[PDB]
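Take a look at the structure set out below.
Number of protein chains: 2
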Amino acid sequence: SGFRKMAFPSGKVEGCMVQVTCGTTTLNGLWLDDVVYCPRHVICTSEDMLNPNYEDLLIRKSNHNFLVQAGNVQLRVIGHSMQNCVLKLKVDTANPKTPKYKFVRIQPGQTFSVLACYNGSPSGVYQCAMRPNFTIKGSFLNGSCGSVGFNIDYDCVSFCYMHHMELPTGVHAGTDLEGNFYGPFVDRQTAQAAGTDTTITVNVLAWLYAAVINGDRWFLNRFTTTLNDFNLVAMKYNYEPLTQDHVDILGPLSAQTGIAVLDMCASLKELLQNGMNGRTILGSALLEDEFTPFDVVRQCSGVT
Amino acid sequence: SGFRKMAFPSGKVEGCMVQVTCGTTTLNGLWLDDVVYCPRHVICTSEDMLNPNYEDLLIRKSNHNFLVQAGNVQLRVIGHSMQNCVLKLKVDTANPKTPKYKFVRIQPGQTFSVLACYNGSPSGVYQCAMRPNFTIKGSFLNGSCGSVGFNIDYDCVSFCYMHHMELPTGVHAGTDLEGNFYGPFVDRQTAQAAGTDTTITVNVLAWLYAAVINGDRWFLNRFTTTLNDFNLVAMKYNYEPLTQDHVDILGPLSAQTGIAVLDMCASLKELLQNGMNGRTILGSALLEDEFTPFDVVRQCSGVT
Ligand SMILES: Cc1cc(NC(=O)Cc2cncnc2)cc(O[C@H]2CC(=O)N2)c1
Ligand SMILES: Cc1cc(NC(=O)Cc2cncnc2)cc(O[C@H]2CC(=O)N2)c1
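Respectively, the protein sequence lines represent chains A and A'. A prime marks a further copy of an entry chain.
Sequential numbering from 1 applies to the first sequence in PDB author numbering.
Sequential numbering from 1 applies to the second sequence in PDB author numbering.
Here it is, written out as structure tokens:
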């Protein structure tokens, strides 16, 4: 029993972290096979960041200008290219610690672990959700760019995120491993609006099932609702509308607890309308939305 | 910016996890050098757990009865001994993945990362605090015994916890790596009282400094207090009394924010007396106490 914001074991990703230096800028790179991936803004100086012409900036760079270090050993750069907002530095050595991996573009509402890095060295690991507005509420400082988000299935690491920037609002923006930003963000030092964010309804319901599994049942009530009635409440409270796809994904948790999904929706409706009355659910005084139905089942079943 | 319950990168500890089987029982072991450490209750059957005589049970066991597996390879057990509540299985092979390590007995209020394991395989990593009542509020299921808690300084892993049991209340109990339980707990299936727990005052203050550093300043006020006045409030709300040692440890955070520790105490006093009024601090609707002053500085400075 117990429920925690649990991250994947980070070992397979730690063995991929390298430091990338271009001129005066140092950030993190991801070394998989004979390729090192990093944010393309590593080629920018302070004056460039305000409105960079990455194509022009990258033209003044040669392979020998990209300094790639894996721990204490230097890697030899034999090729360089830009793919969207990432640079791909071809090195002459395949990473012997390269795990089985895939590059995936996660959906909003999905979760992943972040291995925060500085100078190619891992500092910590935490679990994040890709917000509906395509931002992540991470913990990153200057030098953290190039840190990655991932999921692990058996022995396969699915890299889904690479950190690029912090918006003036303190939230984080980044790309998939092909360098395509999540959201409308551009890699330029201009104020950028992240959209209105919503609460991930299916995740809050999944966490309510996790609460029931762990003995916290006070919020359960004698009520039910319909998808339409519940969605009127969800819109009022900036929650994502619940669909039959979400109800179907909640199926295993509904079967495990014996609580019909629409009955759980009625509990959530009452919690939204009346608050928590100074009580807690799984040690939290607010409705948690950064656990997917899969995360709940995995945590509550002990998947290794 | 941003503040998360960040765990240490778990890689150095993943390379130490093994599976230990004795008869019908399987749990996790920690392989360091040529020794495997695991909870001694691995030698118990269902009937034994209620009141085990570990000395008598261990006498009926030989080296060949302890089945130790590291991934897919079997380790040869050449010695076995009991040290308090842990078994030490001497194997004929030193772990080639053994990091620089120490065994430490952490103090209550201190934090550590837990690598939750099943069948010797890591499933996840999360940050915990050793509660003042010597319990941990973890996330563990059957099979998780033998999972360890640790801290990392540079390249040195300080193992501080080994998981042994879940009390009927859902909280967790375990030992240091010499097998000495934290708290009054015994490894027997009898209902055990964990003491009254208190909130780790110095950690809540450290987290309030983390909030100020990250822009959340609403709770700051025009008041101050004394250690004695603040401690009268702390006792009323089941908070640990604040000492000059705690004020001194908060020194760097006080210097960084320019907020005198007793002024932060007055903010905490008002938050205790008046609640949060439906507002949040670092995305939390309750006062967080599982971040030490060291964790705040480390996270807010990017220590790798
Ligand atoms: C190419 C680029 C890089 C960075 N760098 C950073 O944030 C560095 C960093 C990352 N994370 C936490 N702390 C620090 C900012 C950029 O624009 C700001 C304007 C906006 O919005 N974002 C644009
Ligand atoms: C030697 C021993 C082992 C276990 N085993 C477990 O809890 C297994 C486990 C661990 N963590 C989470 N879920 C499951 C319990 C014991 O006594 C209970 C009476 C009490 O209090 N504790 C005594």
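We put the CB at the ideal spot given by N, CA and C, even for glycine.
Asked: One or two residues paired with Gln244 of chain A' in a DSSP bridge; Found: Partner(s): none; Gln244 of chain A' has no beta bridge.
Asked: Delimiting residues of the beta strand (DSSP E) encompassing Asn28 of chain A; Found: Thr25 to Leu32
Asked: Partners in chain A for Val303 of chain A', counting only beta-carbon separations shorter than 7 angstroms; Found: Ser123
Asked: Selection from A:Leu232, A:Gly146, A:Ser46 and A:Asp56 that minimises the alpha carbon distance to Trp31 of chain A; Found: A:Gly146
Asked: Contact with chain A' by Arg4 of chain A, beta-carbon distance below 7 angstroms; Found: yes
Asked: Residue-level contact to chain A' via CB, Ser46 of chain A, 7 angstroms cutoff; Found: no
Asked: The region 264-283 of chain A contacting the region 205-212 of chain A, beta-carbon criterion three pairs below 8 angstroms; Found: yes
Asked: Proximity below 7 angstroms, CB of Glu290 of chain A' to CB of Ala173 of chain A'; Found: no
Asked: Per-residue burial, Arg222 of chain A' [other beta carbons within 10 Å of its own, 16 or more giving buried]; Found: exposed
Asked: Continuous alpha helix (DSSP H) assignments of at least 4 residues falling wholly in the region 26-77 of chain A'; Found: 54-59
Asked: Buried or exposed (CB count within 10 angstroms, at least 16 for buried), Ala191 of chain A; Found: exposed
Asked: Selected residue, minimal CA-CA separation from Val171 of chain A', among A':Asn133, A':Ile152 and A':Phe150; Found: A':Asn133
Asked: contact_flag[the region 61-68 of chain A', the region 17-26 of chain A'] where n(CB pairs < 8 angstroms) is 3 or more; Found: yes
Asked: Reference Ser301 of chain A', options A:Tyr118, A:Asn277, A:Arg60 and A:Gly138, closest by Cα; Found: A:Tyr118
Asked: The alpha helix (DSSP H) enclosing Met264 of chain A', as first and last residue numbers; Found: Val261 to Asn274
Asked: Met165 of chain A' versus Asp187 of chain A': straight-line alpha-carbon distance, rounded; Found: 8 angstroms
Asked: Coil, strand or helix - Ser254 of chain A by DSSP; Found: helix
Asked: Residue closest to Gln273 of chain A, alpha-carbon to alpha-carbon, out of A:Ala234, A:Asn28, A:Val77 and A:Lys90; Found: A:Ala234
Asked: Close beta carbons around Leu282 of chain A', own chain, < 8 angstroms, minus the five adjacent residues each side; Found: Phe3, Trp207, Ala210, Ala211, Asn214, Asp216 and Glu288
Asked: Cβ pair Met17 of chain A', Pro122 of chain A' closer than 7 angstroms; Found: yes
Asked: Contact with chain A by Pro9 of chain A', beta-carbon distance below 7 angstroms; Found: yes
Asked: Which residues DSSP lists as bridging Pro122 of chain A, in chain order; Found: A:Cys117
Asked: beta-carbon residue 347 of chain A near ligand 2 non-hydrogen atom, thresh 6 angstroms; Found: As shown, chain A starts at 1 and ends at 304. That puts residue 347 of chain A outside it, with no answer to give.
Asked: Validate contact between the region 107-117 of chain A and the region 74-83 of chain A using beta carbons, cut 8 angstroms, 3 pairs; Found: no
Asked: Distance between beta carbons of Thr198 of chain A' and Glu240 of chain A', contact taken as under 8 angstroms; Found: 5 angstroms
Asked: Same chain, Cβ closer than 6 angstroms to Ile152 of chain A, neighbours up to 5 away in sequence not counted; Found: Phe8
Asked: Residues of the region 106-119 of chain A' whose Cβ lies closer than 9 angstroms to any Cβ of chain A, in chain order; Found: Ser113, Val114, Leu115, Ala116, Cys117, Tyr118 and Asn119
Asked: Closer than 8 angstroms at the beta carbon, the chain A residues around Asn214 of chain A'; Found: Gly170
Asked: Interface flag, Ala234 of chain A vs chain A', CB-CB below 7 angstroms; Found: no
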